[PDB]
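Heads up, the thing below is written out as structure tokens.
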Amino acid sequence: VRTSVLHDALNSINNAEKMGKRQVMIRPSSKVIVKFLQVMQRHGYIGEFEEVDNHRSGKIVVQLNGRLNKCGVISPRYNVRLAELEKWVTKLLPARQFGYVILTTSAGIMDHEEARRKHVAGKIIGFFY
Amino acid sequence: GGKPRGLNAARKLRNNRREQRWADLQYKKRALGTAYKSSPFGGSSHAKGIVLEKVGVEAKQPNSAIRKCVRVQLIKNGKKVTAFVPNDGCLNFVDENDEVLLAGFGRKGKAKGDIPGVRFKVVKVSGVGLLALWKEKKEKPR
Amino acid sequence: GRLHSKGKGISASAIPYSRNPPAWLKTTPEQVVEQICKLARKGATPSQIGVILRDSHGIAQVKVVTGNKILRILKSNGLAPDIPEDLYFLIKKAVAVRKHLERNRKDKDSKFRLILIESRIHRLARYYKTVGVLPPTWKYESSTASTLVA
RNA sequence: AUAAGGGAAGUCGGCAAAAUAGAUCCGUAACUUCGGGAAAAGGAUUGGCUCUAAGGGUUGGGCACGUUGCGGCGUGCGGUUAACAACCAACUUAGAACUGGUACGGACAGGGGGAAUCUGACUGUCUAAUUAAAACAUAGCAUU
RNA sequence: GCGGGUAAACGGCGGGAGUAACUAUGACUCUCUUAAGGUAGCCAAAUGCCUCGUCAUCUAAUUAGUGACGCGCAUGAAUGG
RNA sequence: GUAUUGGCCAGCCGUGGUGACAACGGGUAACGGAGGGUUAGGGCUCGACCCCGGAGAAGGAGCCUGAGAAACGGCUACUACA
RNA sequence: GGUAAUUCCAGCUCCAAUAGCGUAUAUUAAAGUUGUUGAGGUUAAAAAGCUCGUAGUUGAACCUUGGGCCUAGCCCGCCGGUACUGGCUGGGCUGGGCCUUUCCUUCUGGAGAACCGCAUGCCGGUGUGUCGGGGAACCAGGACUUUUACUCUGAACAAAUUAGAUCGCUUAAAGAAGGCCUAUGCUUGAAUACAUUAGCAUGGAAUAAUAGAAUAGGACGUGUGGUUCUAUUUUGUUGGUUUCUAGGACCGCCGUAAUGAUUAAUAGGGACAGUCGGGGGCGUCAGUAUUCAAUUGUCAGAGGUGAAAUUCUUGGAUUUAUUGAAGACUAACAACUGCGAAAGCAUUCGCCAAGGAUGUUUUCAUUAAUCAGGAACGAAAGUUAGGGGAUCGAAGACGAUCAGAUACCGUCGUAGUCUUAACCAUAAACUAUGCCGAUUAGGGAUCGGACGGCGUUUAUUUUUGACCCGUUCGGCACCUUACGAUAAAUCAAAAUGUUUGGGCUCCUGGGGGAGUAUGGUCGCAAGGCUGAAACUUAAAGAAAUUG
RNA sequence: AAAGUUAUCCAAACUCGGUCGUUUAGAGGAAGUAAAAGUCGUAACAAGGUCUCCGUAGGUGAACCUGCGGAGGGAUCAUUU
Ligand SMILES: [Mg+2]
Ligand SMILES: [Mg+2]
Ligand SMILES: [Mg+2]
Ligand SMILES: [Mg+2]
Ligand SMILES: [Mg+2]
Ligand SMILES: [Mg+2]
Ligand SMILES: [Mg+2]
Ligand SMILES: [Mg+2]
Ligand SMILES: [Mg+2]
Ligand SMILES: [Mg+2]
Ligand SMILES: [Mg+2]
Ligand SMILES: [Mg+2]
Ligand SMILES: [Mg+2]
Ligand SMILES: [Mg+2]
Ligand SMILES: [Mg+2]
Ligand SMILES: [Mg+2]
Ligand SMILES: [Mg+2]
Ligand SMILES: [Mg+2]
Ligand SMILES: [Mg+2]
Ligand SMILES: [Mg+2]
Ligand SMILES: [Mg+2]
Ligand SMILES: [Mg+2]
Ligand SMILES: [Mg+2]
Ligand SMILES: [Mg+2]
Ligand SMILES: [Mg+2]
Ligand SMILES: [Mg+2]
Ligand SMILES: [Mg+2]
Ligand SMILES: [Mg+2]
Ligand SMILES: [Mg+2]
Ligand SMILES: [Mg+2]
Ligand SMILES: [Mg+2]
Ligand SMILES: [Mg+2]
Ligand SMILES: [Mg+2]
Ligand SMILES: [Mg+2]
Ligand SMILES: [Mg+2]
Ligand SMILES: [Mg+2]
Ligand SMILES: [Mg+2]
Ligand SMILES: [Mg+2]
Ligand SMILES: [Mg+2]
Ligand SMILES: [Mg+2]
Ligand SMILES: [Mg+2]
Ligand SMILES: [Mg+2]
Ligand SMILES: [Mg+2]
Ligand SMILES: [Mg+2]
Ligand SMILES: [Mg+2]
Ligand SMILES: [Mg+2]
Ligand SMILES: [Mg+2]
Ligand SMILES: [Mg+2]
Ligand SMILES: [Mg+2]
Ligand SMILES: [Mg+2]
Ligand SMILES: [Mg+2]
Ligand SMILES: [Mg+2]
Ligand SMILES: [Mg+2]
Ligand SMILES: [Mg+2]
Ligand SMILES: [Mg+2]
Ligand SMILES: [Mg+2]
Ligand SMILES: [Mg+2]
Ligand SMILES: [Mg+2]
Ligand SMILES: [Mg+2]
Ligand SMILES: [Mg+2]
Ligand SMILES: [Mg+2]
Ligand SMILES: [Mg+2]
Ligand SMILES: [Mg+2]
Ligand SMILES: [Mg+2]
Ligand SMILES: [Mg+2]
Ligand SMILES: [Mg+2]
Ligand SMILES: [Mg+2]
Ligand SMILES: [Mg+2]
Ligand SMILES: [Mg+2]
Ligand SMILES: [Mg+2]
Ligand SMILES: [Mg+2]
Ligand SMILES: [Mg+2]
Ligand SMILES: [Mg+2]
Ligand SMILES: [Mg+2]
Ligand SMILES: [Mg+2]
Ligand SMILES: [Mg+2]
Ligand SMILES: [Mg+2]
Ligand SMILES: [Mg+2]
Ligand SMILES: [Mg+2]
Ligand SMILES: [Mg+2]
Ligand SMILES: [Mg+2]
Ligand SMILES: [Mg+2]
Ligand SMILES: [Mg+2]
Ligand SMILES: [Mg+2]
Ligand SMILES: [Mg+2]
Ligand SMILES: [Mg+2]
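Heads up: the protein sequence lines correspond to chains SW, SX and SN, in order.
Numbering-wise (the authors' numbering), the first sequence opens with residue 2 and increments by one.
Numbering-wise (the authors' numbering), the second sequence opens with residue 3 and increments by one.
Numbering-wise (the authors' numbering), the third sequence opens with residue 2 and increments by one.
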């Protein structure tokens, strides 16, 4: 059964982009999904997205503009200290100059670079580059 | 594929690795301690014994020669084994009742080369060392 | 797909987006409640109380007209059944299989069905006990189950 | 009927005799048709006297009216004695102290046991007056 | 009389020669022969003459006892194994 | 009874305690730890041995003196050696 | 290495490390050959025969967001001046205040400010004072606050060791020393970080769980009544008694309020409607054929094979027509078609309970996914008791073939083949491919349900049914293609995997010994499930290419 | 106030029996691996000359043969009213 709505959204986005399409549809919509898209949007990796409102859960239609290589999710949301955050960027990021690792903390979800500025840590939920 | 992946499944993963670890052959012989029990040497590197007789052993099929081994009974536990005397014309240095010292071929319990059923070689005889006698660096005591 | 099967059908009902009664209904919520209680006293369970209202005259959704579900209305009027109807129908089917089975001793297929039905009853009864609908000591005894149905 | 030391060296052969034995508490193998084997094998305790504890039966229960020779009923009720009080009656079980020439199922009564082979499955029956058995019978199975 | 059936009916169920890189043994082959040539099992057994058979065990010493071996004078399948 | 608590022990009365989240039992060529060796990260393996804690003085038990010992370069007895 | 040895035994020459170098055993890297990061399971080692279900692991969405002002601290850009200094209505980063329906619990006490006026003094500000309207903030004390995990910062915690700062022991491994003019003197160092699980405090409030008002046994009030317990100092002192007051527990009456219930998942269960199928059980009906038997006609061969023989026959075989009995089996229609959890299921009709898909503006509201042990069913052969016993036919007996033929071929034939009541639990039980969910490409056929449409056919005829065109949900399959995958054969999954994480169970680690020995457990037995070690070996094996 | 003495408690040590673990002798029986210029056949790989294999049952000097139900890893992806 559906055990991770976030994985379904990120997987569906990756498939359409890899095939060269321009738009995607996501069947279930949640707060974590929208907060994940907003982080990607502010860095220019996607465009506008719109949330149609059926009374059950709503859908999302995202607009693609290339520039996106992969967007994945880590299924067991591990606990990561602030001191060991550099282990992860060495693992699942192509290079040190660019790329973002998404965390969830008590101060909202944010990428791995803003968390360093605010000096906050938490749980890891995904990545995109 | 097919592993448990949840955040509270540390018990299943630890138990599974312990069970499947026995299929390894190197680890299985370490855990059961077969060397301490079955090996003629008590898990040691060398051993001393007494020579009983001189035996010639035929080489395997592609080759053709006589390997000129020797029979020895271990002092430590009374077991009987056969050992190979290396180099050319070295049986003339091992008489009867000579207190030889042995070692392995380095294949860790398997026969080396074309010699069948031989796992040890003579290192010293009468406490002089075989190779030193071969190059005439010493004279065998009487 | 299915609880005990391999089918994967998707047949269901689609609820309209609108949450307001149509302009041609012209029936008060109070009249609907009195209509519900008459049918419940005649013996109907909530299942076909709704379908009678929908097919015969008027109401398509009881919730939109009155703001409450059918079972909730009946409970406040002291008309709720002693055991839930969904569990009641499962018990009724299990009794009929046992009665047929004892006459046909070597019907090996019907024996398989009885294990599935009873296994479905135990799962459903556990949920009702942990929510408070049924007393914690309630047990499905095959011997005395025939009295509950009728 | 009893015998020092030895304990089957006797004899066709342990034939005759000896040893074991009641009750309470521990303990119990191979094999097996799972019912048995089993009282397997092998150990401990036992008197007298002075005490302690447990196991039962019967009759009694508060006011308010009415009848009647201190009360038996008519009733009208209420209460459940945080189970008390008097009286009556046989035996069976467990525990402690003291005591003796260490003895005590003190006479009577009262299983020797274990490892294996041959043979008939078992209980049962027969040569009265030399043979009780491996012989006969038996359930089960098969044929006319 | 001629011709069929029937063994949980009465009963029956074999000899001689050669042959494997030492010796021994004989899976294999030729040969005589009829109703069929003893199969599964078991054994010096209450059934074995030669016999106190040969090997092991039990004893200081055992024609006895038990466990094995089997060309078995003359074991053997409801004459039941 | 002990320096004191305690089923540590003696009487009387209840029927409990542990277990698939691995009890109970068997193996250990097992004293525990700080730590040694080998390394991308994650690990695998060893630790009698100079520092800290525990135990023993051939094998078992008992005790004297003393603030402190069930002591062995203290005593008594049995077993084994001499 | 078998007569010209680049490999043995020797002399020359040369190579590697060097005061050191070789051998044996243990252990780590190499090993992504133990795989949480990170490993195979269609054919190379390996998905339980199949379904139900408890521990265990894992579980859909939803509750205060946004906006509008003010202010600080750190960088960068720019300008100008001498690393210094100032400026930009500089653009950013981190943080703190206010108004938007929200902002921040409460009482006692301490000390005391800002803002205020009073008069007393200098050149419209100020010490003024035991001045008072007044307490920003702060400290101490009391009461109230759903509960865990997680992360941040603190506290507490060993020396040596590991990382690491300082100082030329002549350098170094070390050491904790030393330095300055010359001094009858001065001066310094012996830092810092890490552990990390558990326990004690602090800030944050996302993510994952948890608690609350539904038979109101609910919240609030200086509203208003009750009955119970406790009693500080004030009336001299002690004792006794009473009122008021203060506090606690509990129960009414009245009032106040927007008075208290999230969706209805292309998650799941249940109800209802018209259907569909060789799904299961009991009973019953029919069909020709095979074998036997009775009646009937005729006359010499019939059978069987590559070719023959054994066998049957004028005691009339084989062949021909009519009739009867018995047991087994359901031809053709029958297919890249249907149903069932799998094993499996095909003649008619009656009875009995069950199931999938489709249709639906019915109902419940997370009731779900997968499962160690445990349980139901499980072809054929085989086992125990009765019935039945046509046909085929293990064992067995003969005829040929052959050098031999205990076989292939031919004539006979027992158990068995069928049924009722009980056991057995294994198959190449196969798609050699576990189950749930999401996404990814074109095409035409077909089975079941619904919806739309022009006609033809046809009936006591319309609506329905048969045929034709199109859409859609659910199934058994197939054709093309490769952006993708694989060692390859090939695959719409065997794809979305070095750019590696959606959830869950089982199994495998070079070839033999070996699914064997032994112990345990189930079975009447045959046997099933569980399952080693000694020893031995450098290759077994998979897909494809040329001969 | 010493020797001695009465009754409990803590108890080494020895004797007999039970039970568990490790090591080891044994007539005879039945397997595996290797080494061979051995004897008898030819089961498998080509339609291996009877297509091969799987579960089960019986039989034979030996490989193997035969019955019943499966599978293609086959020697057929295929035959029309
Ligand atoms: Mg290995
Ligand atoms: Mg679905
Ligand atoms: Mg399920
Ligand atoms: Mg299912
Ligand atoms: Mg005497
Ligand atoms: Mg005497
Ligand atoms: Mg005696
Ligand atoms: Mg005698
Ligand atoms: Mg006699
Ligand atoms: Mg006698
Ligand atoms: Mg007597
Ligand atoms: Mg008994
Ligand atoms: Mg007894
Ligand atoms: Mg006795
Ligand atoms: Mg006995
Ligand atoms: Mg007494
Ligand atoms: Mg006695
Ligand atoms: Mg006596
Ligand atoms: Mg008898
Ligand atoms: Mg007589
Ligand atoms: Mg007599
Ligand atoms: Mg010969
Ligand atoms: Mg014989
Ligand atoms: Mg004999
Ligand atoms: Mg004899
Ligand atoms: Mg005899
Ligand atoms: Mg016998
Ligand atoms: Mg004799
Ligand atoms: Mg004898
Ligand atoms: Mg004798
Ligand atoms: Mg004998
Ligand atoms: Mg005879
Ligand atoms: Mg006979
Ligand atoms: Mg006889
Ligand atoms: Mg319990
Ligand atoms: Mg250790
Ligand atoms: Mg030790
Ligand atoms: Mg140590
Ligand atoms: Mg040691
Ligand atoms: Mg050392
Ligand atoms: Mg010593
Ligand atoms: Mg002192
Ligand atoms: Mg000590
Ligand atoms: Mg001592
Ligand atoms: Mg000393
Ligand atoms: Mg000392
Ligand atoms: Mg020469
Ligand atoms: Mg030469
Ligand atoms: Mg030369
Ligand atoms: Mg691998
Ligand atoms: Mg395989
Ligand atoms: Mg399968
Ligand atoms: Mg959730
Ligand atoms: Mg240094
Ligand atoms: Mg905290
Ligand atoms: Mg729904
Ligand atoms: Mg049917
Ligand atoms: Mg016939
Ligand atoms: Mg005729
Ligand atoms: Mg018939
Ligand atoms: Mg069909
Ligand atoms: Mg038909
Ligand atoms: Mg299981
Ligand atoms: Mg069957
Ligand atoms: Mg059968
Ligand atoms: Mg019978
Ligand atoms: Mg029968
Ligand atoms: Mg036939
Ligand atoms: Mg035959
Ligand atoms: Mg199998
Ligand atoms: Mg399989
Ligand atoms: Mg398609
Ligand atoms: Mg078409
Ligand atoms: Mg259709
Ligand atoms: Mg239509
Ligand atoms: Mg379709
Ligand atoms: Mg289908
Ligand atoms: Mg890597
Ligand atoms: Mg076994
Ligand atoms: Mg080679
Ligand atoms: Mg090949
Ligand atoms: Mg032995
Ligand atoms: Mg032997
Ligand atoms: Mg063949
Ligand atoms: Mg073939
Ligand atoms: Mg092939």
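Where a beta carbon is used, it is the ideal one built from N, C-alpha and C, also for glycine.
Residue 64 of chain SW and residue 45 of chain SW closer than 7 Å at C-beta: With contacts defined by Cβ atoms closer than 7 Å, residue 64 of chain SW and residue 45 of chain SW do not form a contacting pair.
Spatial neighbours of residue 71 of chain SN in its chain, beta-carbon cut-off 8 Å, leaving aside the 5 residues before and after: Hits under 8 Å: 37, 47, 50, 51, 63.
Buried or exposed (CB count within 10 angstroms, at least 16 for buried), residue 18 of chain SN: Here residue 18 of chain SN is exposed, its C-beta having fewer than 16 other C-beta atoms within 10 Å.
Expected contact under 8 Å - CB spacing of residue 139 of chain SX and residue 128 of chain SX to nearest Å: The Cβ separation is near 15 Å, so there is no contact.
Beta-carbon proximity of residue 72 of chain SW to residue 15 of chain SW, cut-off 7 Å: Contact: yes.
Opening and closing residue of the alpha helix (DSSP H) in which residue 76 of chain SX lies: It is not in any alpha helix (DSSP H) - residue 76 of chain SX instead sits in the beta strand (DSSP E) that spans 71-76.
Exposure label - residue 150 of chain SN; buried when at least 16 CB within 10 Å: Counting every other CB atom within 10 Å of its CB across the protein chains shown gives residue 150 of chain SN a total below 16, marking it as exposed.
For residue 124 of chain SX and residue 132 of chain SX, believed in contact at Cβ under 8 Å, the rounded distance: About 6 Å separates the beta carbons of residue 132 of chain SX and residue 124 of chain SX, which is inside the 8 Å limit, making them a contact pair.
Stretch pair the segment 22-30 of chain SX + the segment 52-68 of chain SX: three plus CB contacts closer than 8 Å: No: the two stretches stay apart, fewer than three of their Cβ pairs being nearer than 8 Å.
Selected residue, minimal CA-CA separation from residue 20 of chain SW, among SW/43, SW/56, SW/69: Distances from the alpha-carbon of residue 20 of chain SW to those of SW/43, SW/56, SW/69 put SW/69 closest.
Beta-carbon proximity check, residue 50 of chain SX vs residue 103 of chain SX, cutoff 7 Å: Yes, these two residues count as a Cβ contact at 7 Å.
Span separating the alpha-carbon of residue 114 of chain SN from that of residue 5 of chain SX: The straight-line gap from Cα to Cα measures roughly 34 Å.
Boundaries of the alpha helix (DSSP H) in which residue 87 of chain SN is found, first to last residue: Per DSSP, residue 87 of chain SN belongs to the alpha helix (DSSP H) from 86-104.
Alpha-carbon to alpha-carbon, residue 78 of chain SW and residue 9 of chain SX: Rounded to whole angstroms, residue 9 of chain SX to residue 78 of chain SW spans 8 Å at the Cα level.
8 Å contact criterion, which residue 53 of chain SX and residue 69 of chain SX should meet: CB distance rounded: A Cβ-Cβ separation of about 16 Å leaves residue 53 of chain SX out of contact with residue 69 of chain SX under the 8 Å criterion.
Cβ pair residue 119 of chain SN, residue 81 of chain SN closer than 7 Å: No, these two residues do not count as a Cβ contact at 7 Å.
Residues near residue 71 of chain SX in its chain [Cβ-Cβ closer than 6 Å; skip 5 each side]: Cβ neighbours of residue 71 of chain SX beyond the five flanking positions: 57, 59, 84, 86, 120.
Cβ shell of residue 117 of chain SN (< 7 Å), same chain only, five flanking positions each side left out: Excluding residues within five positions, the ones whose Cβ falls inside 7 Å are 5.
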